[PDB]
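In what follows, a structure is listed as structure tokens, so that the remarks can point back to it.
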Amino acid sequence: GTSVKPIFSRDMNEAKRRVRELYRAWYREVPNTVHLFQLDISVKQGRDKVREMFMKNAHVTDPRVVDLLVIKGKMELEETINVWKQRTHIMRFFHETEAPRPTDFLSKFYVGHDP
Amino acid sequence: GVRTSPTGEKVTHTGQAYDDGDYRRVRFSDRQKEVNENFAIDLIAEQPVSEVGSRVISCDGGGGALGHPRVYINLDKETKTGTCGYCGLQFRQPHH
Amino acid sequence: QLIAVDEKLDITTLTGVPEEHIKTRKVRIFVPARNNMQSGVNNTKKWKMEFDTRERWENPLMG
Amino acid sequence: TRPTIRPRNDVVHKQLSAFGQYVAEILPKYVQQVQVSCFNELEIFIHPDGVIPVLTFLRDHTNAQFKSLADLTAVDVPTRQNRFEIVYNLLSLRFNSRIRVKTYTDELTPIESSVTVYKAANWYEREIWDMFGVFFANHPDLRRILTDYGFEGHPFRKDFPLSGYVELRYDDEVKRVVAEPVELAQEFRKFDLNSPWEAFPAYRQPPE
Amino acid sequence: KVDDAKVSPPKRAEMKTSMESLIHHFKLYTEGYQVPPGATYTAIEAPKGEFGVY
Amino acid sequence: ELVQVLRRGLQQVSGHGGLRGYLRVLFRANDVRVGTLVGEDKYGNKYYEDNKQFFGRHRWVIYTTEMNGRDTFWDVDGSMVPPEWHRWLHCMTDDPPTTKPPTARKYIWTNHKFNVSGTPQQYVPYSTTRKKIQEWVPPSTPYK
Amino acid sequence: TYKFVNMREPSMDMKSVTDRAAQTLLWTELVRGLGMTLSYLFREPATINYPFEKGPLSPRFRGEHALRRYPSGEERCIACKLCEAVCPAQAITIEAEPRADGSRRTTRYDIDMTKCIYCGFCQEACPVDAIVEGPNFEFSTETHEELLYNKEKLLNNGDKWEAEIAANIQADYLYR
Amino acid sequence: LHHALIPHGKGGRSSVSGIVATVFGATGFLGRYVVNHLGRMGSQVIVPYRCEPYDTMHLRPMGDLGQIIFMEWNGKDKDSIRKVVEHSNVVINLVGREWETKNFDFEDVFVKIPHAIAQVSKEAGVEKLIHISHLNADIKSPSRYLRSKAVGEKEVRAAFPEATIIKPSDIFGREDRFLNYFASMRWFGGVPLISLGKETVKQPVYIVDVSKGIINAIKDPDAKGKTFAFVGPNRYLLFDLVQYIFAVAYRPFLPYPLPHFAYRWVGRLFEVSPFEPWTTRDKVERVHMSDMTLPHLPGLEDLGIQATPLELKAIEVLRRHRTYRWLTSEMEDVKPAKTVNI
Amino acid sequence: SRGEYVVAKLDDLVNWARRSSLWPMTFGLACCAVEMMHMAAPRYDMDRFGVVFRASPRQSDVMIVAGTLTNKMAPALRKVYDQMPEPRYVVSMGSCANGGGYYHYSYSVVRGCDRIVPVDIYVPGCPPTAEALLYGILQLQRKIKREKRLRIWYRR
Ligand SMILES: CCCCCCCCCCCCCCCCC[C@@H](O)O[C@H](CO[C@H](O)CCCCCCCCCCCCCCC)COP(=O)(O)OCC[N+](C)(C)C
Ligand SMILES: NC(=O)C1=CN([C@@H]2O[C@H](COP(=O)(O)OP(=O)(O)OC[C@H]3O[C@@H](n4cnc5c(N)ncnc54)[C@H](OP(=O)(O)O)[C@@H]3O)[C@@H](O)[C@H]2O)C=CC1
Ligand SMILES: C=C(C)[C@H]1Cc2c(ccc3c2O[C@@H]2COc4cc(OC)c(OC)cc4[C@@H]2C3=O)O1
Ligand code: SF4
Ligand code: SF4
Ligand code: SF4
Ligand SMILES: [Zn+2]
């Protein structure tokens, strides 16, 4: 029950379907994104980044949340295709100017008080 | 009352001065350090104590509306003087 | 139309918050204590949620 | 009471109350509440499913003729189960009147788009999507309007920090503007101003 | 300005002379006046059209 | 008539101290008007007025050629005007400091300073508070 | 109550038609515009000879900030922190402690002039007329750091501009 | 640690890293990257400059408010060096010119200046000194550049025993002379190579790798008296290297052999330029000389740095040298060149 | 030395030419653009100093950042700054450009244009008066007069 209203999908199957269509679109767009923006990354790098972005939300089990995520991904794809985004906006996905933050206990204890 | 630290840097009225091993002094190389030479504590210490023949005096800092809020100072203690909490002026009754 | 979602509510993936500020943060839900310098009790009516205190340091310039 | 107090107008109050009763009688399916403020403002709290009908009625009925959409925004109240409150402000030039329509939604419930009823709503709805994250169904072109490209999160939400999470600076090594986790030379000083003494007895709540 | 020192600040002479005026000046310039709960939409005819505040 | 305008110009060039003064004022201020000397500044500036000009052009200053330490024959700026002549020049008052001198205080600067940005006398910010937390000083003697 | 701006019809008599034809063929209104520009050419320009001439100002003008003193040389500021609380841009930072003589005085008073909106609220909220906005406006710098004023800089500004600040306050304190 | 010099924050722009660095030669190719990497962590950087302040403008946005201080200095004056190194705990030396000027020879910029810097820093109490020499530095090298480099390295080691000496090899980047030098020879029409470049082996290193190595050596407690060699992960012949450079830039490669005396004559002819010379005899000598192999010296891997191959960063330098026809071509379209590794 | 005199005279001539003809790019962001317009108004008439607006960045010498620089816009400002041929100068006008001003603690505001481009002159105010911006422009002219490029080129 829980008395909820859908956005686009009634269950997990249609949500996974829309996810697959969005992944297809991003996969096809990646080489054009590399060509037009004159990025120094390879097509493999962009496709791996797209795969990682999709995998970051693999734990979602709510069709409404998945529908909203697909809507946001379509928004981002439309932003990229129309070249509304700039090279900085595209390259922000990679964090090349961020020092790697360590994850083990000893380094965190050394650097500062944050966990 | 300006005075210099053992490093040669002037000490501000707040009493701050960079330590000998402090790297921040490098910000003053080929430039200067802004120090105000008119120390308010000394300048208010030079003011004479006013003598008034009443137990309670009123102070507004002078200028009427151009001073500080008007306050009333009690002058019963003959061991000390009545000091305004806004302007720092001192008042006392004719003693001895 | 109703689709009968059976899972617990979770909107973390949609808020845009970095994961570091989701897993490592601890919030406090409490009724704020009355300030002891005053006898008023109007500030002890609603509940407050606030995050844990993190590091604050001194700016090298202007302190 | 004369010089420094705002004068009252009970005639407009009566007119607004009568028209609120009129609208409530005509549309019992959606209207949940009607209120008239002390400063002569009419508010109608309705059900979300009646967003499209009610507005259309208010736009097309001969006795309503609310042909102008002055404003459309959202209010975030985290203490409510339905976190977002959608507000429509309508102006009627024929009768020289103003009305307010209020409805509610949450993060995962879409709201029917009223672009068909009012063409002015389009950008407004985009803003509500951009600033609060409320999805509008059957919107002709829904996307961000005010925020930066690729910006994550909805800033006007209450749990969003004032300074955000990222900041921009130019980097010479990569020769471009990059975004990094936010750092402040001086932290924003939070002030606690609410006096511990109640100011308005007329708004005192029951002690639960 | 409205002759209500709980909304509008008093004159500087009154603030430096009267206790009530000083207290009201302090509270208004530190915390400010409290506004009763409520929502309003006020619109004016600005030179560019209708300018409104909700 | 035009002849009277030429005569006015000839009087203008004559009234600036000759041809050399006329050329100096023309190359220093790009203006050759003659007005009544309101006063002279302690740092060398001269202040003139002419109420027959329209508002804004009725008061002006010829800056000094020698400020505190720098040559101001060509390098001049509006920051070299002392506060009293600053008040008079910007039409904040009608009374010049010569006829309405400001109140004298022992803490007011007796020597005006211009904008010292980009100069070894520029302002460098720093913290005016003292050290907050004092660390423990270990003893200087051995423990064993 | 309203009027029309473009609800005028032209006369269709032969004379008016000839006048409009002459207007079209001989460009009368273009000559009118040329004459207007020529008339403006012979007027006196409104330009002033900066920096030798300055635009008018008022005693209410808000410019560079300054900290004032009493005629005895004692600082007016008592560290009440009203200006810090009323500052819309949070540009004021104040730290205070009892002085050596027990006076309530500041130890830190910073104004971030790159944060300040120059609204003048601080000098309205001050109960002792300690912080004021002076008449100076020509204080542009070459570096960002020079616009972060500490207590020493503001005290120097007050000592430098008191002669004009006192006169400006004297001419306007009755409006406050 | 002199409490004010204790690290604080998250290592961002507004953080405190505890590093006070005097970076001599910060207005050069390596200097801008070093200053950027230092100011990223919230360090205090002191930049001594002898050029126009305009030429230092690009260094301004690299730090927070008050974290970069620009100070005038003179190479032949030791009092100025003292003045700029009084309050620093790290002093980095990047001073060096590829050519000779009428006021400064190779010995002046590679022997006298580094020795004076080291002596003054040792007198002033600077904790760490980083010195930069060349990998191919040799006392009996045919090029006076490397002879001066070796003599200055010995002088720096003598004056500052705990100095960390870093020996990179043919740093390549956006503002390099290495890749741009080969790419600009397209204007003449033919590429002159001694022995057709078949007898030279090069191991270029990325600029970001060198800057990160310098930073890590500053933060490494055991790299005090060590000597490092910064080299790339691959070794190429000069012919194959120039071929790949021209292929990435999509320019027709027309190599021809030029004898040693002819190339020396060309270098001497170009040396009379009062401005920055296009090439010199010493540059010709250094170009056609194989990079040394020093397996006994620590490398970038011992500092936690993984060397960036030229194949992933060549396009970011060589896209500027293309025409409009090939401007948008991807990086993986060039078929990386052959490497002589062991 | 004769050569030192020659290079000093040439440097003076070049500095005079560059400071006498300053062409700011026609570029405004917020409220401060109104005061820039008033500086271009007849009362102040920046054109009498040799200062004219030009739309194309390739024909511009100075960039006057007059207004808030937002996150969405900073790449565009950097792009139009990079397309200015050298020598080029940047004048920061108003609190918003200098350090963020009223919107310093905002999620979408760059806390100072100096994070994106190097700044030569900072003009304080909110907004600075047209007189203040004129003072900043004249200070920039003096700073250009202080430049000596050929001198350091000779001493090299
Ligand atoms: C055949 C010729 C071929 C080449 C021709 C090239 C062009 C000819 C050279 C042009 C000469 C004119 C320049 C002189 C103008 C100087 C004006 C003077 O006032 O400037 C002063 C100082 O002048 C400069 O310091 C020096 C300028 C020139 C000095 C040397 C130039 C000598 C000419 C050499 C030409 C050789 C050409 C070589 C190539 C063939 C300071 O003024 P400034 O502060 O700004 O303005 C302040 C405004 N105030 C007063 C209202 C406040
Ligand atoms: N491929 C490479 O880059 C090779 C670099 N080398 C070493 O790396 C260091 C830096 O390299 P790189 O950035 O390419 O060199 P650059 O030519 O780009 O700049 C070096 C710096 O040294 C300064 N400088 C040079 N001579 C003097 C002098 N007589 N007095 C004062 N300052 C001077 C320059 O300042 P100014 O602009 O004012 O003249 C310049 O900023 C150098 O020490 C070099 O020897 C190591 C191997 C590889
Ligand atoms: C060219 C001279 C005569 C004046 C006019 C002018 C400038 C400088 C800049 C601009 C400009 O006009 C255009 C068009 O009108 C506005 C109106 C604006 O706000 C009302 C606004 O704010 C950014 C910007 C602009 C343009 C722009 O920036 O000097
Ligand atoms: S003028 Fe306004 S913004 Fe500036 S310091 Fe005063 S109160 Fe703050
Ligand atoms: S309001 Fe006036 S007295 Fe109070 S802290 Fe500010 S400057 Fe000082
Ligand atoms: S500094 Fe003030 S006037 Fe200028 S753009 Fe910002 S808010 Fe507007
Ligand atoms: Zn008093």
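Only one of these conditions is not met by residue G:114: (1) in contact with a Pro (Cβ under 9 Å, 6 or more places away or on another chain); (2) hydroxyl-bearing (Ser, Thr, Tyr); (3) within 16 Å of ligand 7 (Cβ to nearest atom). Which number is it?
(3)
I'm trying to understand the selection: among the residues of the range F:88-112, which are in contact (Cβ under 8 Å) with a residue 12 or more places away in the chain, at the interface with chain G (Cβ under 7 Å from one of its Cβ atoms) and either over 27 Å from residue I:138 (Cα atoms) or of a type in the set (D, E, K, R) (or both)?
Across the range F:88-112, the qualifying residue is only F:102.
Mind counting the residues in the range B:19-69 that are within 15 Å of residue B:87 (Cβ to Cβ) and not β-branched (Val, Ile, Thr)?
Count: 19.
Residue H:88: more than 16 Å from ligand 1 (Cβ to nearest atom) and away from chain B (no Cβ under 14 Å), yes or no?
No, not satisfied.
Here's the yes/no breakdown for (1) touching a helix residue (DSSP H, G or I) at 6+ places or on another chain (Cβ under 8 Å); (2) within 11 Å of chain I (Cβ to nearest Cβ); (3) closer than 26 Å to residue F:116 by Cβ:
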| site | (1), (2), (3) |
| --- | --- |
| G:94 | yes, no, no |
| G:97 | no, no, no |
| G:106 | yes, no, yes |
| G:117 | yes, yes, yes |
| G:131 | yes, no, yes |
| G:161 | yes, no, yes |
| G:165 | yes, no, yes |
| G:168 | yes, no, yes |
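Please enumerate the residues belonging to the range B:39-69 that are over 13 Å from residue B:89 (Cβ atoms), assigned to a loop (DSSP other than H, G, I, E, B) and within 8 Å of another protein chain (Cβ to nearest Cβ).
Selection gives B:69 alone.
It is to be established whether one or more residues within the range I:77-100 are facing another protein chain (nearest Cβ under 7 Å), within 16 Å of ligand 4 (Cβ to nearest atom), more than 30 Å from residue A:90 (Cβ to Cβ) and in contact with a helix residue (DSSP H, G or I) (Cβ under 9 Å, 6 or more places away or on another chain).
Yes, the conditions are met somewhere in the range I:77-100.
What single numbered condition from (1) surrounded by 17 or more Cβ atoms within 10 Å (Cβ to Cβ); (2) out of contact with any strand residue (DSSP E or B) (no Cβ under 6 Å at 6 or more places or on another chain) fails to hold for residue H:164?
Status for residue H:164: all satisfied but (2).
Of all residues in the range G:46-87, count the ones that are away from ligand 5 (no atom under 16 Å from the Cβ) and out of contact with any strand residue (DSSP E or B) (no Cβ under 7 Å at 6 or more places or on another chain).
Step one: list which residues in the range G:46-87 are away from ligand 5 (no atom under 16 Å from the Cβ), which gives G:46-61, G:63, G:71-73.
With the extra rule that they be out of contact with any strand residue (DSSP E or B) (no Cβ under 7 Å at 6 or more places or on another chain), the set shrinks to G:46-48, G:50-51, G:54-61, G:71-73.
Here the count works out to 16.
From (1) touching a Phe, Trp or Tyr at 6+ places or on another chain (Cβ under 7 Å); (2) surrounded by fewer than 17 Cβ atoms within 10 Å (Cβ to Cβ); (3) hydrophobic (A, V, I, L, M, F, W, C), pick out the condition that doesn't hold for residue F:85.
(2)
Filter the range H:13-50 for residues that are touching a residue at least 60 places away in the same chain (Cβ under 8 Å) and either part of a helix (DSSP H, G or I) or within 11 Å of chain D (Cβ to nearest Cβ) (or both) and give the result.
H:29, H:30, H:31, H:32, H:33, H:34, H:36, H:37, H:38
From G:76, G:60, which residue is within 16 Å of ligand 7 (Cβ to nearest atom), in contact (Cβ under 8 Å) with a residue 40 or more places away in the chain and either surrounded by fewer than 23 Cβ atoms within 10 Å (Cβ to Cβ) or within 9 Å of another protein chain (Cβ to nearest Cβ) (or both)?
The match here is G:76.
Is it fair to say residue H:122 is closer than 30 Å to residue H:290 by Cα and away from ligand 3 (no atom under 16 Å from the Cβ)? Step through it out loud before you land on a result.
Details: closer than 30 Å to residue H:290 by Cα: no; away from ligand 3 (no atom under 16 Å from the Cβ): yes.
Against the criterion (closer than 30 Å to residue H:290 by Cα and away from ligand 3 (no atom under 16 Å from the Cβ)), residue H:122 does not qualify.
Would you say residue D:75 is more than 14 Å from chain A (Cβ to nearest Cβ) and touching a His at 6+ places or on another chain (Cβ under 8 Å)?
No.
Being touching a residue at least 40 places away in the same chain (Cβ under 8 Å), closer than 19 Å to residue D:178 by Cβ, more than 11 Å from chain D (Cβ to nearest Cβ) and crowded, with 18+ Cβ neighbours inside 10 Å, is that true of even one residue in the range A:41-53?
Yes, there is a match, as at least one residue in the range A:41-53 is touching a residue at least 40 places away in the same chain (Cβ under 8 Å), closer than 19 Å to residue D:178 by Cβ, more than 11 Å from chain D (Cβ to nearest Cβ) and crowded, with 18+ Cβ neighbours inside 10 Å.
Consider only pairs whose beta carbons are under 8 Å apart and that are at least six residues apart or on different chains; among these, list those whose first residue lies in the range H:87-99 and is touching a residue at least 60 places away in the same chain (Cβ under 8 Å) and whose second residue is within 16 Å of ligand 5 (Cβ to nearest atom) and not in a loop (DSSP other than H, G, I, E, B).
Close Cβ pairs (under 8 Å, with a partner that is within 16 Å of ligand 5 (Cβ to nearest atom) and not in a loop (DSSP other than H, G, I, E, B)) do not exist here.
Only one of H:144, H:177, H:157 is within 23 Å of residue H:34 (Cα to Cα) and more than 13 Å from the chain's Cα centre (by Cα); which?
On the way: H:144 fails: within 23 Å of residue H:34 (Cα to Cα); H:177 fails: more than 13 Å from the chain's Cα centre (by Cα).
Going through H:144, H:177, H:157 in turn, just one is within 23 Å of residue H:34 (Cα to Cα) and more than 13 Å from the chain's Cα centre (by Cα): H:157.
Might you let me know whether the range H:89-107 holds any residue that is in a helix (DSSP H, G or I), buried (at least 17 other Cβ atoms within 10 Å of the Cβ) and under 21 Å from the mean Cα position of the chain (by Cα)?
Taking the range H:89-107 and keeping what is in a helix (DSSP H, G or I), we get H:106-107.
Among the residues that remain, those that are also buried (at least 17 other Cβ atoms within 10 Å of the Cβ) are: H:106.
After this cut, where a residue has to be under 21 Å from the mean Cα position of the chain (by Cα) as well, the list is H:106.
For the range H:89-107, residues in a helix (DSSP H, G or I), buried (at least 17 other Cβ atoms within 10 Å of the Cβ) and under 21 Å from the mean Cα position of the chain (by Cα): present.
Pick from the range H:51-85 the residues that are assigned to a helix (DSSP H, G or I) and under 19 Å from residue H:112 (Cα atoms): which of them is farthest from the other protein chains (Cβ to nearest Cβ)?
Per the stated criteria, the residue is H:78.
Can you find a residue that is within 12 Å of the chain's Cα centre (by Cα), more than 16 Å from ligand 5 (Cβ to nearest atom) and crowded, with 23+ Cβ neighbours inside 10 Å anywhere in the range I:66-79? Give the steps one after another, and end with the answer.
First, pick out the residues of the range I:66-79 that are within 12 Å of the chain's Cα centre (by Cα): I:66.
Okay, now just the ones that are also more than 16 Å from ligand 5 (Cβ to nearest atom), so I:66.
Applying the additional criterion that residues be crowded, with 23+ Cβ neighbours inside 10 Å yields I:66.
There is at least one residue in the range I:66-79 that is within 12 Å of the chain's Cα centre (by Cα), more than 16 Å from ligand 5 (Cβ to nearest atom) and crowded, with 23+ Cβ neighbours inside 10 Å.
Let's see how each residue does on (1) buried (at least 18 other Cβ atoms within 10 Å of the Cβ); (2) of a type in the set (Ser, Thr, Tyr); (3) under 28 Å from residue G:129 (Cβ atoms):
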site: B:14; (1), (2), (3): yes, yes, yes
site: B:22; (1), (2), (3): no, no, no
site: B:26; (1), (2), (3): yes, no, no
site: B:40; (1), (2), (3): yes, no, yes
site: B:45; (1), (2), (3): no, no, yes
site: B:48; (1), (2), (3): no, no, yes
site: B:52; (1), (2), (3): no, no, yes
site: B:69; (1), (2), (3): yes, no, yes
site: B:85; (1), (2), (3): no, no, yes
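Any residue in the range I:109-123 that is more than 15 Å from residue D:169 (Cβ to Cβ), among the hydrophobic types (A, V, I, L, M, F, W, C) and buried (at least 20 other Cβ atoms within 10 Å of the Cβ)?
Taking the range I:109-123 as the starting set, the residues that turn out to be more than 15 Å from residue D:169 (Cβ to Cβ) are I:120-123.
In the following step, the residues that additionally are among the hydrophobic types (A, V, I, L, M, F, W, C) were identified as I:121, I:123.
Retained after the next criterion (residues that are buried (at least 20 other Cβ atoms within 10 Å of the Cβ)): I:121, I:123.
Yes, the range I:109-123 has at least one match.
Anything in the range C:29-63 that is polar (S, T, N, Q) and surrounded by 13 or more Cβ atoms within 10 Å (Cβ to Cβ)? List them, or say none.
Going through the range C:29-63, the residues polar (S, T, N, Q) turn out to be C:35-36, C:38-39, C:42-44, C:53, C:59.
The answer is C:35, C:42, C:43, C:59.
Taking the range G:96-150, which residues are among the hydrophobic types (A, V, I, L, M, F, W, C) and away from ligand 5 (no atom under 16 Å from the Cβ)?
G:100, G:117, G:137, G:139, G:147, G:148
Could you tell me whether the range A:60-73 includes any residue that is hydrophobic (A, V, I, L, M, F, W, C), touching a residue at least 12 places away in the same chain (Cβ under 8 Å) and more than 13 Å from chain D (Cβ to nearest Cβ)? Walk me through it before giving the result.
Of the residues in the range A:60-73, the ones hydrophobic (A, V, I, L, M, F, W, C) are A:60, A:65-66, A:68-71.
Then drop every residue that is not touching a residue at least 12 places away in the same chain (Cβ under 8 Å), which leaves A:66, A:68-71.
If we keep only those that are more than 13 Å from chain D (Cβ to nearest Cβ) as well, we get none.
No, the range A:60-73 has no match at all.
Among the residues of the range D:104-113, is any touching a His at 6+ places or on another chain (Cβ under 8 Å) and more than 9 Å from every other protein chain (Cβ to nearest Cβ)?
Taking every residue of the range D:104-113 in turn, at least one turns out to be touching a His at 6+ places or on another chain (Cβ under 8 Å) and more than 9 Å from every other protein chain (Cβ to nearest Cβ).
For neighbour counting, all protein chains shown are included, and Cβ atoms are generated from backbone atoms with ideal geometry for every residue, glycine included. Quick note: the coordinates plus some simple rules give every number you see, no bench work behind them.
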